[PDB]
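The structure under discussion is supplied below as structure tokens; questions concerning it will follow.
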Amino acid sequence: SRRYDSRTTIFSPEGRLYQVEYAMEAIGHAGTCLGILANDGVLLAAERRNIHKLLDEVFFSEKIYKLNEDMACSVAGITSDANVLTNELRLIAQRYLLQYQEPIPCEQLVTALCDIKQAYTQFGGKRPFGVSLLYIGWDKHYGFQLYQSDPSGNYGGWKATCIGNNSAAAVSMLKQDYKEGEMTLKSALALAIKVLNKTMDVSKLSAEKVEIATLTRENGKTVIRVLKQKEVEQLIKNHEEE
Amino acid sequence: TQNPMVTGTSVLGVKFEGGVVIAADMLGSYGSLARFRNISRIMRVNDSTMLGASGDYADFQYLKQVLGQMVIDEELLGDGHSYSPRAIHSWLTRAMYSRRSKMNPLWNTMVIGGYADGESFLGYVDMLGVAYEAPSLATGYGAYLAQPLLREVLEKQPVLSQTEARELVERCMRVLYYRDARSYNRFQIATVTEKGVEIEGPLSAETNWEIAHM
Amino acid sequence: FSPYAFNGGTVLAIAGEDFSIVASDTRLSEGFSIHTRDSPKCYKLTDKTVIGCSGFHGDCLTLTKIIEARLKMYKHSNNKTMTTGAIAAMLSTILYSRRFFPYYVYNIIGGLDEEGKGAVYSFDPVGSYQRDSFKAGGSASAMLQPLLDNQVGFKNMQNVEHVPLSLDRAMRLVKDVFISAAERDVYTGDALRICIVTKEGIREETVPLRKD
Amino acid sequence: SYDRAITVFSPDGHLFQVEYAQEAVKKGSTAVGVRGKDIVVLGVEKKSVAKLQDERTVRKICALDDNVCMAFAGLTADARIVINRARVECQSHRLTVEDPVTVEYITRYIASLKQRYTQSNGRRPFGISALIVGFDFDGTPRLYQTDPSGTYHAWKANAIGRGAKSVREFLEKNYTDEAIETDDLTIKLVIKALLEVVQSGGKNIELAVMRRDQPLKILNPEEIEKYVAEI
Amino acid sequence: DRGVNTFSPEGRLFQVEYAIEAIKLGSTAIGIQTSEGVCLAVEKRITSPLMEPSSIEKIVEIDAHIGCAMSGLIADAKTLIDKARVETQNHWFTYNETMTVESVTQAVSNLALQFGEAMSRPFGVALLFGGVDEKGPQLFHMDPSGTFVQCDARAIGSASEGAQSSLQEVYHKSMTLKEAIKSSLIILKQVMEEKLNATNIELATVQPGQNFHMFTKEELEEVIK
Amino acid sequence: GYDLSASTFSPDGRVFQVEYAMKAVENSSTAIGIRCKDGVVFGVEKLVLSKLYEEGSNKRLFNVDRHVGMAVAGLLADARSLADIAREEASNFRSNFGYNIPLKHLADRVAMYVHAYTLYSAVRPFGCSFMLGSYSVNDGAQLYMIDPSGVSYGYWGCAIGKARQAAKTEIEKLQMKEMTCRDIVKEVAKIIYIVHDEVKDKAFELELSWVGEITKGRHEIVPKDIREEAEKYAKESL
Amino acid sequence: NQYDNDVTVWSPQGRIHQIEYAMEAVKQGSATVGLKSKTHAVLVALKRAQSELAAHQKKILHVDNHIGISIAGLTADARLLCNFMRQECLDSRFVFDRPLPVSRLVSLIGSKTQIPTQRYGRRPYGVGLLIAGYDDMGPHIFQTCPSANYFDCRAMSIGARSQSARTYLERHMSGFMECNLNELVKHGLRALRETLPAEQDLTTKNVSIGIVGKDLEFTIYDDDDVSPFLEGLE
Amino acid sequence: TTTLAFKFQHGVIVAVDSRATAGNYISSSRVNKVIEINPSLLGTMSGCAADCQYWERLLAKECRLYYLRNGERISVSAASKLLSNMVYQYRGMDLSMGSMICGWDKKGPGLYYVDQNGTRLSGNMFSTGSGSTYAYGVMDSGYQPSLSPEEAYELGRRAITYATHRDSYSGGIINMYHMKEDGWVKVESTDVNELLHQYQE
Amino acid sequence: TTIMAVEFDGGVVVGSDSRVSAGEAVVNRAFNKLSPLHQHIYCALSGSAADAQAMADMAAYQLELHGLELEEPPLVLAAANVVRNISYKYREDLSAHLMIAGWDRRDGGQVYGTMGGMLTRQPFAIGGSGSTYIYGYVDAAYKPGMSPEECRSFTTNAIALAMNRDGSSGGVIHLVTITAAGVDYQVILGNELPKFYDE
């Protein structure tokens, strides 16, 4: 038994957690996920990996999951691991609503999931979840928000951020193009396309290679929708002329 | 066991010079109906100990099974140690008390007879865990009918011979047959001495019905 | 089905300057019949402690065995014999552990304390206890206690010297109250067993009582 | 259930995993605490000062109750767990003792939890170190420091995290009574100490002061800038 | 890699032997038992000048008649100290009396080898138990193997070998508490790397009739002269 | 390393841990069992490793039931545990079905219990072998042997221990099928004296037990006086 | 090498190294001698002293009125086994109102100490014992080991350099049965003395005695009470 | 049973009777109904003698442990809360205990009433037991916060005495205590029959 | 319900009535109360239909497995012990008396009464609510040494007398004869039952 134990939750000689770092390596090669916060909403733009011609389309999306009435998330890393965490997020949100009869504040939902992730890195002997997430949501305390969390159990709030393939280069572009408090959903969508065009290495951006979701407030209610091919195609056209 | 079904009546026991004798009838009663007229309520435990039981017959059969295995287990070791009558009496007491404490009593009143190291033993154990020793014993209806006669003879002659104890027991069995409605005129007499445990039966008491003509 | 039975019996204890007496009758009963006339209700715990028990004999046999084991366990882990007062403190917690399904036993402890003086402790079934000068427990306890209050405690007497109680006087008084209790209490009779605890050890004495 | 012994003794009498946990603390952000007359000063290196970050979401300085604050160094995810365990402890103590906990009482609870994770099957030790401050029921200032092994000590002034030695070495020669005389003088000692390791000292340093019967009063960019300006 | 309960070729438990090694890195503690009582002295071993000496607790009270000095991994000692305090109070509740020094030491020792894969390893600490009961002043010593023994004079910690030599050359059956207190401080100063003042050491005594008493700064200075 | 665990098969399909446990049995002293017409006789060459030990110490002949005897070889502590398992199995059978457990069924139960310690890394295989002898009017004489792997078979004659091969040759010369317990006891004693080594393992005590028609189905130690004749006869033979 | 870390691993020669290593613990402990006559059972242990100022580590323990024990090896394990034995004895008196026969108690120790030699992650008890007792079959001397095996002996010695104590007992065992209590204890002290190096001797500070017999409860003699037994020994 | 306590200008007075009964039989006249937890803390007992004796002794154990762990001495408010949480776990199981916890801590003289249902109240004066209504009448009629120590002792003795005269379950002797800043002092132990005859004259 | 079993030299005869009742209503007038536990072992059911059916199935299962493990036909005593064990263990919950009768090569024809957890071997047994009315009849009519034909006649008569008097009994009479040769079933219909004093 001791001879086969891989010892996933122990400190290495230089105080590092190897399994957590190795899981971060996996997230770095996965599809690009970017989140941008604007004055009138938030958006999620993710590169699609499933692009084969014989693939069928019948779900809400591929990398964007609705968590509750006012929150959505995007994942990067192990697909099957993401399904487990996304289902857990939904339960946490519903449990909060059952108890207080109010939608769970965005940051509280992220923190609850990060607690589960941290637990895997400290005890149990299991390998950690190889997922990084981006959260977009609206709540009555802070309005429109954007969060990013990783396998170690750490999370942070952002105005614009990126995870996955070439996220370091995507973050650089965002720093020089994002205008604090002067961004709009239309202007955020253009930036997303611009950033996505650079990080991705396939010349023509293509509407079939991406998925975009926006979160806005309409008549006192949150509206989350995935942009259709037409709208996405038009956005790509704009960049060409841009 | 809160509701006893088939029950046995009185069990008698008296010490004598060099042994103990116990008697019990062979009736298994179902309420007032005399359902089983040929069941033994006396069991040999080992070479020096015998056991008589009144009350729920199924509980007695279960106790006989458990006790019997214990003795077999001990004999397998072949180490020179065996359960004395006193030790069995103590074990039974703990067993009954334990069951009573969980509100699931073994509905039996028992009489333990034994002979070890030149000493005769006679113990009583009821379903509540009440236990003690005495020169003569009688469970159930015998306490009111047999015990008085037994005690009366022991008040004049404390040490009885085997023959005297045997005759005294037969006199008690007759009285029980005359006055106990759940009794039957077919009984067994078990004796334990230095030679071991012997069980005579079935026996019957001679009955007189002269008073009916009067 | 009832898990208890009233088995009768009376226990008395008296503490003197350098002695304690624990006495009891030897009749064991149930209902209106007598199970045996030779069942003393006082057991030796150590060389300077005796306990007297009365009540349901099933619980009396089990509690005595439990106390006897706790004294051995205490000796093994403390390397000394339990004193009279530690036995009293420990018995209280054992009786209170069955606070919802109580031992139906009235206990009285008689012995010497650490300064070699008589000590008596009386208990109710659920563990409450205190040190007393003398105490009656069991079936005839309400007949005996008032007489001990007057003749040992000197209550309700004026112009009376409160002299210390000697062993000799204490012995005659113990025999007299039990003789009076056997006349009136139906559960008390057969024989009286008296244990005297002093620094020289425990001596026993037996006296006959009415058999009816 | 995973019951493997993770923290065991090494041949020299050391606990390897505990020493590895201490290595993780060394890579953490520098935190500096200093005792004052009637206010405690806590200075933490903000480090991550990105322009796309929501600063409020990643605070190192936290509140444990209405009277006790704390700073940590090392694994940030481990820290969040310990902080929340202490919060529950403070709530429990107010419902069974009818009084707020003292600074040492919460430090003891936290230190005891850390020690428990160095002697338990199936788990590694927490990879953090904490600086706990505040004031007791009466009104005296306290500064405690717990580490991964579970040992805690009271200090006059202390530092933890990366380059803790350097800030500790410099703290001995600069800690006095005149230096911690006034409230605005307690903010001067900290900053200098932080400046010995914090790159571009100024907007890379977070600040917080705990006063008497006053809540977690975090300082602001311009508030801290004043002191930086003069210095 | 072996398990925590692995025996070595010479018949020793590796982990227990490694735990004893840890005791050697700890501060020196001295215990002396005389006819008038027991005294416990421990070197505080303060690492820095900014550290508050009062926060360091190497000597603690288990009960009114029993004191305890620790050495080795101080964090592990707290678990045992609390256990000991609970034992004596439980004993008081049940038997209406005080627990003897030997009994308390026995109870604390029974938790030493209780580890496997619940403690995952043995405690890395050594304890000195001093107090007064019916047998008078008593000094007991317990180590990581669960072994406890009564001693007249004992030193534990980093400089225990040196301290022991001095102790056995200057200890006699008639020596009073004053001599013990002075003698123990003399040896502490000789094996202490730093200078021995009234803020860098800990001292406590327990005599017949008096409770566990931790010497104050003023009382140490007087004796230190 | 393919031989560190019982849950690991080696490349040629072997469980080396089970085979290592069999080596322990081969280091032990010889014990033989002979089944005749009237019953079963057990004989063990109990080595006396010290003069300080009392006679009858570390016996290798057990009573697992009224009618069942057990002869063991190998690790005595492992064997004692197996004897307790067998006793409990016999007692359990009497409670559930109301009669003496048949030997074959008892041998099956114990063997499967033994077999359970050869599949995992969590436990190690038992280091002993044992024989089970019994006699009843209905079943007649029965003799079974179970080894560390859990395989059990019925035998006419069996031997376990270091000199199991030499003892087997001696056993094959006898015509036990038509023999009776009384005359077989002497033969068993004789064989043990022949296979006993003098150069090594000096000083041994002969243990004898039997069960059959002569003991009314009760397994017991052969009466001292009957063992005297056997010991005498065996000494003269060799 | 690869076969000496776990108790569940059989080596290629058919041995279990961990159990052998546990036997080493008993061999390094101070010697203890146990012998008996037709009426008594005696336990004699050489109390070792860690320091010159510390008390001599106890070796003889009371288990019950008719049973006493001596330990050699790990003290922690000894206490655990002694506690178990004490509980078994208490159970016997509570259930059957009689003392537990010595042989049956030794059997219980055997099965309990065997369990951990077959389970992964467990270790063998690292203690050897000498059990003295008196019951219906007379006085007894039993010896237990870390491998869960036990022996019934006329006399025995365990601990460091006990081979010479055993050598001594072997030649004087013939006159043990007829021997009276006083001379029986002498034979015990003489055998125990053999294990000591030439310079050292048996005093009242390093020799503890335990005795049980026909009409005597197990009693432990230490310090000044052992004087009588020592005085008059050539 | 009658117990009482009140705060006044010089601390807290605590007084009790000493009778225990079983039905109509008086089992004792010398029961001690005041437990001394520590030198600045007292507990009174009323209700079932075994419940009161056991739970108040368990509080004393917890109070002592608190002192060894914290090095500070538990406050009256935390001691009463500890007792009220202890007995609240057995609510509905027929425990019978009505206690007064009294002491002097950092916030001055403290007096709390705690009972088996979990009720815990801080107050200036309380009475518990079957004779408590009679004690209240006399205590409230003669109580002033500015009483002198001797006057407070007299009021305590009169309130217990008149309760024992009217209540069949109260009697024996009165044990009185005086809680002060430096700790409690046992004032006296007077037989109520001597007292009532001296008031009758 | 009325059940009866008789031992004869070489086998057993077991029989019963066919009435299942719920108060005053007859829920099943042709129920078979004779259930086989094994090839040569049968059991008669009385008391609660659900309890008896559940017990019989549990036992049949346990005996089947036992028989395949021991590689031989189960003894009648073993079947009775298995039934006794279940009946005694659940005496508080079960209200059904499973009377056991069968044949084996060791003891021949055996009849066992196992009511309430108590096991008793008898030459003949009677059970159910209707058995109370035939106690006198069987005590005066039973003779040792009866043949199977006589046993079948004896059983039929007793059951018929009980069916006429007991409200809970009636319908037809099921009869099974067990020997070494096998099991023989037989049904005596309402118009073929023995007639006695009726008016």
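Things to note:
Here the chain labels run A, B, C, D, E, F, G, H and I in written order, and each chain numbers its own residues starting at 1.
Here is the rule we use: a residue touches a chain if its C-beta (ideal position, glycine included) is under 8 Å from a C-beta of that chain, and two chains touch if they have at least 3 such contacts.
Chains that touch both chain D and chain H are the following: E. A centroid comparison over C-alpha atoms places A as the chain most distant from chain C.
For the interfaces A-D and A-F, the C-beta contact count is higher for A-D. For this pair, chain C with chain H, the centres built from the Cα atoms lie 31 Å apart. Chain centres here are Cα averages; for chain G and chain H they lie 58 Å apart.
Between chain B and chain G, the centres computed from C-alpha atoms are 46 Å apart. Touching of two or more other chains is recorded for residues 2, 77 of chain B. For chain F, the set of residues that touch two or more other chains comprises 4, 95, 121-122. Those residues of chain G in touch with two or more other chains are numbered 94, 107, 120-121. Residues of chain C touching chain H in their complex: 92-93, 95-96, 99-100, 124, 126-130, 132, 142.
Here chain H touches chain C in the complex through residues 20, 22, 25, 27-28, 30-32, 48-51, 53-54, 93, going by the rule given at the top.
Contact residues on chain B toward chain C in their complex (touch as defined above): 2, 93, 97, 100-101, 103, 105, 124, 128-134, 143-144, 147.
The residues of chain A lying in touch with chain F in their complex are 1, 3.
Of all residues in chain C, those touching chain B in their complex are 1, 3-5, 7, 28, 30, 33, 35-36, 38-39, 56-59, 61-62, 101.
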